[PDB]
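*Asks:* Let's see this in three dimensions:
(6 chains)
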Amino acid sequence: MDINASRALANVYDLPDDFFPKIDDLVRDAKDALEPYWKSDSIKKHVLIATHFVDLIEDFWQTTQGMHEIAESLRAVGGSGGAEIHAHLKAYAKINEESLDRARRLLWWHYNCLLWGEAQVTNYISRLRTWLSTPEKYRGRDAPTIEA
Amino acid sequence: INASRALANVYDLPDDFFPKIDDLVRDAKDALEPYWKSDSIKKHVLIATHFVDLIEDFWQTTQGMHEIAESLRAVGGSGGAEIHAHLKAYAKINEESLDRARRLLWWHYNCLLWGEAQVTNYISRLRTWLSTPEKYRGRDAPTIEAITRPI
Amino acid sequence: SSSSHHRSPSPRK
Amino acid sequence: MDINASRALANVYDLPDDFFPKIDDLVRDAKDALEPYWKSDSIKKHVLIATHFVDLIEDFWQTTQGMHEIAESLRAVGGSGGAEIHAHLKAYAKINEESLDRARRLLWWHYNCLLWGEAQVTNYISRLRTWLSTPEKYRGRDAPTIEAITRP
Amino acid sequence: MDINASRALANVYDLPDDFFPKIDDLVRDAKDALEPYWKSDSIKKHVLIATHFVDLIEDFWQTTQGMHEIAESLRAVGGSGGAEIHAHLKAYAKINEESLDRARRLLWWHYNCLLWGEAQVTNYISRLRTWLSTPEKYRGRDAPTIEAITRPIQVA
Amino acid sequence: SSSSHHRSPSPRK
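*Replies:* Residues are numbered from 1 along each chain as shown, chains lettered A, B, ... in the order given. You can find the structure just below:
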C-alpha cells in the first residue's frame, strides 16, 4: 500500500462513531496500559495526551450525561421550569458532548498508537475505510484489525 | 520527584495568585501558535495546548450551569431541589477540574516562556513565604519579576 | 513532515 | 558568622512555639518527604527519627486531645468523676502534651535537615534568632530563609 | 534487612508476653547499656531506636496506667455522664497499650541485638519459636537460650 | 568542636 495514499485516507474523525469501544472500557484500558509509564514518569507524546484525555473524560462525561438526563426530566415534569432553561441546558450538553467525542476519538488514537505504532494505526484506518467502502458481498465477512 | 513536588506547590496556592482566565488563554495561544505552525512536540506545548482547549470548551458551560442553577433555585417552583443539587454537584466537579487546568496551564506556559527552573524556584519561595506565620516572613512577598531575570 | 500532526495530536479535516 | 556561635545559638527548643507549622501539615510534609526513603528501606539517622516521631504523634496526639475533651466535659458535668480525677487527668494530658511538643519540634528539625541539611538548618535558626532579637525597624524587609535552587 | 531477621522480629511481635522482662528492668538495662553510646554520640540503628522507644515508654507508660486506673475508678463510683466517657477513655488507653507493647518488644529486640548481635538474636528467636510451637513429648524440657550468658567465665 | 547532639537528636539547654 502507498504510504502517501494511506496517510491521506487515515483520519480519526472519518470513522462511523460506532467503531469506538464504550467509554468505560476505553478509559479502563488506557489507565491499565499507562500505569507503567506513569510510575516511570514518562514524557512520551501519546502517554501525555492519553493521560490528559483520560482525565477529561473522567471529569466531564458523567456530568454531561447528568445534564442531558436533567434536561429531559425538566422538560417532562412540566413547563414549570421554562423553555430558555432547557434550551441553554441542551446547548451546553451538545457542546460538551462534541468536545467529549473529540476526546474519545483522540484517546483511542493515542492509546492504540502507544500500543502498536501510529504507522500501524493509520494503516488499519485506511484498510478499514476500504472495508467500509466495499459492499458486504465482495468483502471479508468480519472486519480487519491491527496485525490481524 | 521535584516535578510532583513543585506541582503540589502549585496546588498549594491561594487562587488569587493566578491571573484571569481570559488573559491566561490569550497569552497561551499567543505563545503557542508559533509552535503549532512549527509542528513542535514539546511537553509544555502538548499540555498547555490541551488545557487551553479544555478551558475554551467547558468554562462557559460551567459558568452557565452555575448561573441557571442559582436562578431556578431562587425561582423555587421548577422541579425540585434535586435538580439544583445535581447541578451544583456537577458544577463543583467541573469547577475543580477547571481550576486544576488553569493552574497547570499557568505552570506550563511560564515554564515554556522563561524556564522550568526559574518558575520552580519562585514557586518554592512563594509557598514558603505564604506558609510562615507572618512574624518570620519578610513583609514583602516574592514578586513574579524573578522569573524574567536569568541567573 | 508529510503528516499534518499539528498542535500535537492528528488535526481534523 | 562564627560557626561556633552559630552552632551554639542553634537549638530547636528556643523557638517560641508559633514558628512551627501545624501538626497535620508537619506530618503530611514529613511523610511526603520520607516515602522514597521508606520504600528504599533506608537506615539514615534523620529518616529513622522522623519516622519514629511520625508514629509517636499518630499514636498519641488524638488520644491526648480526647483526654482534654474528657477533662473539660467532666468538669462541666461536675458530679461525674470528681476533683482529684480531673486533676490527675489534666496532669497526664499535660505530660503527654510536653512529650508531643518535643516530638513536634524534633520532627520539624529532622524533616528539614533531611530536605536541606542540618548545617543549613543550623545557620537558619541562628540567623533567625538574630533577626528576631533585633527590633522591627532595623531588621529590614527581608527575613532569613534557605532558598533552595534548581539548575537546568 | 535479612528475611531471617524479619521473621525473627515478626515472631517477637507475637510471643507469649511472659517471655519479656518487666518494663522497669528493661528500661533500666537499656539506659545503662546505652549511656556509653550516648556519650560517644553514635548513630547506630539499634542505639537510635532503643533510645527513642525507652523515651516513649518513660513518657507514656505511667500515663496510660493511670488512665486505666481512673477509668475503672469512674466505672466503680458510677454517676457517669453517658457511657461514652468510659468508652472513649478505655479506647484511648487500649490504643496506648498496643503502642507501648510494640515499643517494649522492639526495645527488647534492639537492646538484645546491641548486646549480642542481630544474628545471635534471630537464631535464638527462631529456635525459641520452633520450641514453643512444638508441643511437649517432642520438645525438650528446658527452653533454649543465648548460650553466651550461661556459659562459664573460665580463668586459669 | 561539635554540638551536643546526644542520643542522635538535639537536647535541650
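*Asks:* where does the strand or helix carrying residue A:114 sit relative to the chain's centre, distance-wise?
*Replies:* Assigned by DSSP states H and E, residue A:114 belongs to helix A:83-115. Averaged C-alpha coordinates place helix A:83-115 at 9 Å from its chain's average position (C-alpha atoms, centre = their mean, to the nearest Å).
*Asks:* got it, and stretch A:117-136?
*Replies:* The answer for stretch A:117-136 is 17 Å, by C-alpha atoms, centre = their mean.
*Asks:* Any chance you could give me it in CSV, C-alpha atoms only?
*Replies:* Extracted in CSV, the C-alpha atoms of stretch A:117-136 (Å, rounded to 0.1, in the frame of the first residue of the first chain):
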residue,chain,number,x,y,z
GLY,A,117,2.5,2.4,16.5
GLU,A,118,0.9,5.2,14.7
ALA,A,119,2.0,3.7,11.4
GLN,A,120,0.1,0.5,12.1
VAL,A,121,-2.8,2.6,13.3
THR,A,122,-3.0,4.7,10.1
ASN,A,123,-2.7,1.5,8.0
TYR,A,124,-5.5,0.0,10.0
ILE,A,125,-7.6,3.1,9.5
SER,A,126,-7.1,3.1,5.7
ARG,A,127,-7.8,-0.6,5.4
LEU,A,128,-11.0,-0.2,7.5
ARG,A,129,-12.0,2.7,5.3
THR,A,130,-11.7,0.4,2.3
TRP,A,131,-13.5,-2.4,4.0
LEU,A,132,-16.3,0.0,4.7
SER,A,133,-16.5,1.4,1.2
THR,A,134,-16.7,-2.1,-0.3
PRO,A,135,-20.1,-3.8,-0.2
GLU,A,136,-20.8,-6.6,2.2
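*Asks:* what's that stretch in contact with?
*Replies:* Applying C-beta atoms under 8 Å, 6 or more residues apart in numbering or on different chains, the external contacts of stretch A:117-136 come out as A:1, A:5-7, A:9-12, A:14-16, A:19, A:109, A:112-113, A:139-140, A:143-147. Quick note: C-beta positions are derived from backbone N, CA and C, even for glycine.
*Asks:* Could you pick out the buried ones from the residues you listed?
*Replies:* Neighbour-count burial (16 or more other C-beta atoms under 10 Å in any protein chain shown) applied to the contacts of stretch A:117-136 gives A:6, A:7, A:9, A:10, A:11, A:12, A:109, A:112, A:113.
*Asks:* Could I get the full set of helices for chain A?
*Replies:* Under the criterion DSSP state H, chain A contains helices at A:3-9, A:23-39, A:45-77, A:83-115, A:118-133.
*Asks:* so the third one versus helix A:118-133, what angle?
*Replies:* The one in question is helix A:45-77. Calculated by axes from the mean of the first three to the mean of the last three C-alpha atoms, to 10 degrees, helix A:45-77 forms an angle of 40 degrees with helix A:118-133.
*Asks:* sorry, back to before: so can I have TSV of the buried ones among the contacts of stretch A:117-136 showing distance to chain E?
*Replies:* Formatted as TSV, these follow (distance: C-beta to the nearest C-beta, whole Å):
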residue	distance to chain E
A:6	56
A:7	56
A:9	59
A:10	54
A:11	56
A:12	51
A:109	47
A:112	43
A:113	43
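*Asks:* of the residues you listed, list those near chain F.
*Replies:* When C-beta under 8 Å from any C-beta of the partner chain is applied, no member of these is adjacent to chain F.
*Asks:* In terms of distance to chain D, which of those ranks first?
*Replies:* The closest of the buried ones among the contacts of stretch A:117-136 to chain D turns out to be residue A:113 (C-beta to the nearest C-beta; 30.1 Å).
*Asks:* Please name the residues that touch that closest one.
*Replies:* With the criterion set at C-beta under 8 Å, 6+ apart, residue A:113 makes contact with A:46, A:121.
*Asks:* repeat that for 10 Å
*Replies:* A:45, A:46, A:49, A:50, A:119, A:120, A:121, A:122, C:9, C:10 (C-beta atoms under 10 Å, 6 or more residues apart in numbering or on different chains).
*Asks:* hmm, which of those are the buried ones?
*Replies:* So, by 16+ other C-beta under 10 Å, the buried ones in the contacts of residue A:113 are A:45, A:46, A:49, A:50, A:121, A:122, C:9, C:10.
*Asks:* Go through the residues you listed and name the one nearest chain F.
*Replies:* Distances from chain F to the buried ones among the contacts of residue A:113, taken by C-beta to the nearest C-beta, are shortest for residue A:50, at 47.3 Å.
*Asks:* Show the contacting residues for the residue nearest to residue A:68 when sequence neighbours are not counted.
*Replies:* Spatial nearest neighbour of residue A:68, excluding adjacent residues (C-beta to C-beta, 6 or more residues apart in numbering or on different chains): residue A:93 at 4.9 Å. Taking C-beta under 10 Å, 6+ apart, we find residue A:93 in contact with A:63, A:64, A:65, A:66, A:67, A:68, A:69, A:70, A:71, B:61, B:65.
*Asks:* try it again with 7 Å
*Replies:* If you count contacts by C-beta atoms under 7 Å, 6 or more residues apart in numbering or on different chains, residue A:93 has them with A:64, A:67, A:68, A:71.
*Asks:* so which two of those are the farthest from each other?
*Replies:* Maximum pairwise distance among the contacts of residue A:93 (C-beta to C-beta): 10.6 Å, between A:64 and A:71.
*Asks:* interface residues of chain A facing chain B?
*Replies:* A:41, A:43, A:45, A:48-49, A:52, A:56, A:59-60, A:63, A:66-67, A:70, A:74, A:77, A:80-81, A:85, A:88, A:92, A:95-96, A:99 (C-beta under 7 Å from any C-beta of the partner chain).
*Asks:* swap the cut-off to 8 Å and go again
*Replies:* A:41, A:43, A:45, A:48-49, A:52-53, A:55-56, A:59-60, A:63, A:66-67, A:70, A:73-74, A:77, A:80-82, A:85, A:88-89, A:92, A:95-96, A:99.
*Asks:* near chain E too, which of those residues?
*Replies:* Applying C-beta under 8 Å from any C-beta to those, none is adjacent to chain E.
*Asks:* ok and the residue in chain A nearest chain D?
*Replies:* residue A:39 (11.9 Å).
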